[PDB]
2 protein chains.
Amino acid sequence: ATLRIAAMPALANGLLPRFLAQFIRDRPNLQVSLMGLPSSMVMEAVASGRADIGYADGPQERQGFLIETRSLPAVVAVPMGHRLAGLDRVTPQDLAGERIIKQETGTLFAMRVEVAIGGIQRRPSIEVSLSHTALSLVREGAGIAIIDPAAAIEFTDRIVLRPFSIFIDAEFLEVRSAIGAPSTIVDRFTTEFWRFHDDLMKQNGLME
Amino acid sequence: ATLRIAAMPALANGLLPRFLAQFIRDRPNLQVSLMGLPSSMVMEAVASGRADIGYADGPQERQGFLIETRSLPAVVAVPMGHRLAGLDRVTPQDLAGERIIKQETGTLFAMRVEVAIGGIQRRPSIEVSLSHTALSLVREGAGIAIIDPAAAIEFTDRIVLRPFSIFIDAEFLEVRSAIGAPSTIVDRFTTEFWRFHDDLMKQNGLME
Ligand SMILES: C[C@@H](N[C@@H](CCCNC(=N)N)C(=O)O)C(=O)O
Ligand SMILES: C[C@@H](N[C@@H](CCCNC(=N)N)C(=O)O)C(=O)O
């Protein structure tokens, strides 16, 4: 038995290996691989057959793929003790004067954020590409970030997460080859991962 | 003022943003970017000028680059409470029967590990490409990992690190363009990052 998974770091760093450790605990003869790649390379892995399952940021070219989706609101991550931690939610103008940690310029997620805060004076920001970099900077008191909740979950013991007043789609995809035969093991992983993902998001106030 | 950095996730996830948050705390007008990329893409970023500084796994093609180095022994990461946590050091045969979390097949680091344990019976392993995935799996009790200490440092509160009896080179590179004019800001970052990296490694028993 062999299972090969490819995912972006947002999930490959924290959520997916937490799940994988549950999945395999009683499958001692299941050979597994879990590759952290950029989403673009996640797709190329699934298409070339180098990976059975892919997890990638949305959106992607869906041609040769079977694609399941999750959309969740992005959350605001702020350092412990920040003025904003004492709020029910965070609006664009609450961010005025703050150093904002931004995702990478030109990505769909980054532009959604940038559009939601088009009404505030732009200060010098920090640009990153990994959600985990942003969350580490938040933890260090360097600024605040609007991020996908999947990554944020690994930091809830050391930063504060608050809902944003504006819905910013933080979508990722579970990706399969459109070409292929049924796979019991793949159907099981994907299915249980959703249950596991949905449980965590709902139990932390990040999903309906 | 603008600073652009590209690094592999092993450093871009944890160490580099910890440092960046110190570097910028009193530079409110310094525009910074910190991109997590695969090492191969880290080099392409530095060569094309899309990044001023690169941090990448060793080794790389050194042609158009100025390259500074750190080599440190890889450490063994084991779950809290593991039998091996009670040892001064871990040898190859101490790993017999353990589920080993391996780096990606065919990489120089992965083959160094695999060579150091050629004398043990091979059991089904878990293959990953990010050190943070491996360390998360260790934390979950899924197995043990031989990893670069740079990444391991972000987990010392939740796993146990022990020296390996065999020296496995865990090298990374600070990378600059061979083409260019002096840069005060780049010289400062790199210099202080080394001081910061060296401090942490020495203060955690991971460097001489
Ligand atoms: C860089 C990488 N994605 C980020 C997350 C990007 C923001 N999240 C999102 N769009 N859902 C990561 O894995 O940390 C990618 O290009 O795949
Ligand atoms: C996948 C990525 N490097 C790993 C670390 C690989 C093992 N460490 C090492 N060889 N020093 C990471 O960033 O987690 C790279 O290809 O750049």
Side-chain angles (χ1 to χ4, degrees), chain A residues 126 128 130 132-133 136-137 139-142, chain B residues 1-27 30-39 41-43 45-47 49-75 108-109 131-132 135 147-156 161 163 167-208:
Chain A
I126 299 156
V128 306
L130 305 177
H132 288 265
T133 309
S136 296
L137 288 163
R139 201 204 37 229
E140 294 311 308
Chain B
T2 303
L3 188 52
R4 307 159 315 188
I5 310 158
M8 18 55 155
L11 291 172
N13 284 324
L15 260 200
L16 275 176
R18 281 180 53 182
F19 175 70
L20 183 60
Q22 161 187 311
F23 194 72
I24 65 204
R25 179 152 45 244
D26 300 310
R27 307 199 207 213
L30 173 59
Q31 176 57 45
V32 185
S33 72
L34 171 56
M35 298 305 98
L37 291 168
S39 283
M41 299 186 52
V42 165
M43 311 303 293
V46 173
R50 291 192 305 270
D52 308 314
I53 327 179
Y55 294 94
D57 308 338
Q60 297 295 339
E61 188 111 335
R62 295 202 181 175
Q63 285 286 58
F65 310 103
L66 308 170
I67 297 208
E68 201 171 347
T69 286
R70 282 301 188 271
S71 287
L72 284 188
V75 287
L108 183 54
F109 181 87
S131 301
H132 288 265
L135 291 159
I147 21 87
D148 52 313
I153 222 36
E154 193 207 313
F155 289 78
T156 61
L161 307 175
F167 177 75
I168 296 171
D169 190 357
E171 152 173 86
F172 65 90
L173 320 172
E174 162 220 298
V175 181
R176 290 174 66 170
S177 183
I179 296 160
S183 183
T184 294
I185 189 58
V186 160
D187 271 305
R188 198 92 70 201
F189 190 88
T190 50
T191 291
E192 303 177 348
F193 175 69
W194 284 136
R195 193 188 330 266
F196 179 98
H197 166 286
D198 293 342
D199 174 83
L200 278 174
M201 293 305 109
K202 300 188 199 189
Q203 289 186 331
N204 274 270
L206 305 166
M207 173 173 176
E208 314 185 341

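Proteins come first, then strands; the chains are lettered A, B, ... in the order of their sequence lines, and each starts at number 1.
- Note that CZ of B:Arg188 is 12.0 Å distant from CG of B:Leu3, once rounded to the nearest 0.5 Å.
- The two atoms that bring B:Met43 and B:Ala56 nearest to each other are SD-CB, 3.9 Å, heavy atoms only.
- Side-chain atoms of A:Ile126 and B:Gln31, non-hydrogen and from C-beta on, never get closer than 4.5 Å to each other.
- Taking 4.5 Å as the limit, some side-chain heavy atom of B:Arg18 sits within range of a side-chain heavy atom of B:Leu200.
- Looking at heavy atoms from C-beta onward, B:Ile153 lies in side-chain contact with B:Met201 at the 4.5 angstrom threshold.
- Taking the six-membered ring where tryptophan is involved, the planes of B:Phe193 and B:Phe189 are essentially parallel, since the angle between them stays under 30° and well short of 60°.
- To the nearest 0.5 Å, atom NZ of residue B:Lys202 and atom CG of residue B:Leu72 are 10.0 Å apart.
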* Could you give me the CA-CA distance, side-chain angles and deciding distance for B:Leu161 and B:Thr156, then say whether side-chain contact (heavy atoms from CB on, under 4.5 Å) is met? => CA-CA 7 Å; B:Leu161 307 175; B:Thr156 61; 3.6 Å; yes

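- When all heavy atoms of B:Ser177 and B:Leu66 are compared, the closest pair comes out as O-CD1, 3.5 Å.
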* To do: Go through the steps for B:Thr69 and B:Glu171 under the test side-chain contact (heavy atoms from CB on, under 4.5 Å), then give the verdict.
  => CA-CA 7 Å; B:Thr69 286; B:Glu171 152 173 86; 3.2 Å; yes

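- Of all heavy-atom pairs between A:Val128 and A:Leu130, the closest is CG2-O, 3.7 Å.
- For B:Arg195, the CZ atom counts as loosely surrounded, since its 6.0 Å shell holds 12 or fewer non-hydrogen atoms of other residues, nucleotides or ligands.
- Atom CD1 of B:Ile5 is separated from atom CG of B:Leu20 by 5.5 Å, given to the nearest 0.5 angstrom.
- At a threshold of 4.5 Å between non-hydrogen side-chain atoms, the residues B:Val75 and B:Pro163 do not count as touching.
- Heavy atoms only, all atoms of each residue included: B:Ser131 and B:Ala151 are closest at CB-CB, 3.5 Å.
- Formation of a donor-acceptor pair under 3.5 Å by the A:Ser136 side chain with backbone atoms of B:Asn13 is found in this model.
- Of all the heavy atoms in B:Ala150 and B:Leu11, the pair that sits closest is CB-CD2, 3.9 Å.
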* Asked: side-chain contact (heavy atoms from CB on, under 4.5 Å) between B:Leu173 and B:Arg62: does it pass, once the steps are laid out?
  -> CA-CA 10 Å; B:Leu173 320 172; B:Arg62 295 202 181 175; 4.0 Å; yes

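- Taking the side chain as every heavy atom from C-beta outward, B:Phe155 and B:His132 approach each other to under 4.5 Å.
- To the nearest 0.5 angstrom, B:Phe109 atom CZ is 5.5 Å from B:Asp148 atom CG.
- The pair B:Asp187-B:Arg176 counts as a salt bridge, with a side-chain nitrogen and a carboxylate oxygen less than 4.0 angstrom apart.
- When atom types are taken as modelled, the side chain of B:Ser39 and the backbone of B:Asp57 share a donor-acceptor pair closer than 3.5 angstrom.
- Among all heavy-atom pairs drawn from B:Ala7 and B:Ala12, the shortest one is O-CB, 4.0 Å.
- Note that the OH atom of B:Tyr55 and the CE atom of B:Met8 stand 10.0 Å from one another [nearest 0.5 Å].
- When side chains are defined from C-beta on, B:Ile147 counts as touching B:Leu135, because their heavy atoms get closer than 4.5 Å.
- In this structure, OG on B:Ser71 lies 10.0 Å from CE on B:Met207, to the nearest 0.5 angstrom.
- Residues B:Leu15 and B:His197 are in side-chain contact: their nearest non-hydrogen atoms beyond the backbone lie under 4.5 Å apart.
- In this structure the side chain of B:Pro17 never reaches within 4.5 angstrom of the side chain of A:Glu140, judged on heavy atoms.
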* **Chi angles and distances behind the side-chain contact (heavy atoms from CB on, under 4.5 Å) call for B:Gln60, B:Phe65** => CA-CA 10 Å; B:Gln60 297 295 339; B:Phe65 310 103; over 6 Å; no

